[PDB]
């Protein structure tokens with residue numbers, strides 16, 4: 001009954017802003033580390049941003065520094081991703097994945113297995 | 001004498017029942033599952049044994 | 001996607017595969033926490049005929 | 001009749017699925033078993049579920 005559900009996708013103007021949500025049902029999302037992942041048309045699934053279980057550690061892809069902000073609410077069992085200064089290069093389907101650290105060290109910069117995945121949401125940037 | 005011994009013999013044999021848990025032996029459940037999941041099995045042992 | 005399933009079998013039998021851990025010395029006639037072939041417990045061991 | 005080092009597998013961070021049932025994946029090195037069976041195959045992605 002474990003479910004991950006994305007929300008907030010849509011069509012926006014380049015330079016505008018959009019905000020995504022990932023909600024978890026059937027389990028407590030606070031203990032898991034969550035990462036936002038996108039696949040562009042004709043491209044492979046790249047890691048956009050990740051946040052630790054407690055939220056004290058974060059990592060972002062160099063394409064999105066200064067533009068995207070990730071955070072989570074462990075009381076509301078949600079993880080949020082805010083997008084600002086949005087560009088046509090970001091047109092993709094966005095997944096949220098929850099997993100646990102498979103390596104030593106606090107940071108989440110490395111990639112690993114991702115235990116649970118959502119169905120993805122579409123954000124299109126075109127003007 | 002027979003009735004008293006049978007009552008104690010029955011009590012001992014009840015320790016080998018699972019009461020719905022994965023194992024009747026308490027040390028196995030502790031050595032196998034984490035406390036968030038081990039405890040659920042212990043409560044099944046506790047309810048049956050109590 | 002390359003899939004490997006690992007079914008671990010756990011019965012009351014000798015264990016032939018065991019994980020990375022260090023075996024220690026054996027002491028007798030004293031109250032110990034013992035672990036023989038995965039069987040954990042606490043008690044005092046005695047020579048048996 | 002061989003030692004299983006599950007840390008090499010678990011901490012590899014290359015496998016796209018780590019689903020353990022009845023045993024926690026971090027205690028695979030602490031419990032041990034009489035035998036383990038390995039089945040290795042290639043399957044599509046919408047189907048590893």
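We place every Cβ from the backbone using ideal geometry, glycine too, and count neighbours over all the protein chains shown. The numbers here are math on the coordinates, done by the rules we state, and not lab data.
Taking the range A:66-80, which residues are part of a strand (DSSP E or B) and either surrounded by 15 or more Cβ atoms within 10 Å (Cβ to Cβ) or touching a helix residue (DSSP H, G or I) at 6+ places or on another chain (Cβ under 8 Å) (or both)?
Of everything in the range A:66-80, those that are part of a strand (DSSP E or B) and either surrounded by 15 or more Cβ atoms within 10 Å (Cβ to Cβ) or touching a helix residue (DSSP H, G or I) at 6+ places or on another chain (Cβ under 8 Å) (or both) turn out to be A:68, A:69, A:70, A:72, A:78, A:79, A:80.
Taking the criterion of being within 13 Å of chain D (Cβ to nearest Cβ), free of Cβ contacts under 8 Å to residues at least 60 places away in the same chain, over 20 Å from residue A:6 (Cα atoms) and within 14 Å of the chain's Cα centre (by Cα), would at least one residue in the range A:94-110 satisfy it?
Yes, that holds for at least one residue.
Report, by residue number, each residue of the range C:9-34 that is more than 17 Å from residue B:23 (Cβ to Cβ), surrounded by 11 or more Cβ atoms within 10 Å (Cβ to Cβ) and within 14 Å of chain D (Cβ to nearest Cβ).
Hits for the range C:9-34 are C:16, C:17, C:18, C:19, C:20, C:21.
Among the numbered criteria (1) under 18 Å from the mean Cα position of the chain (by Cα); (2) outside any loop (DSSP other than H, G, I, E, B); (3) within 14 Å of chain D (Cβ to nearest Cβ), which one does residue C:6 miss?
Answer for residue C:6: the failing condition is (1).
For a quick check of your reading: which helices (runs of 4 or more DSSP H) sit entirely within chain B and have at least 3 residues that are exposed (fewer than 14 other Cβ atoms within 10 Å of the Cβ)?
On the way: elements: B:2-13, B:26-32, B:35-49.
Qualifying helices (runs of 4 or more DSSP H): B:2-13, B:35-49.
Checking residue A:50 against (1) surrounded by 13 or more Cβ atoms within 10 Å (Cβ to Cβ); (2) touching a residue at least 60 places away in the same chain (Cβ under 8 Å): exactly one of these is not met. Which one?
Result: residue A:50 fails condition (2) only.
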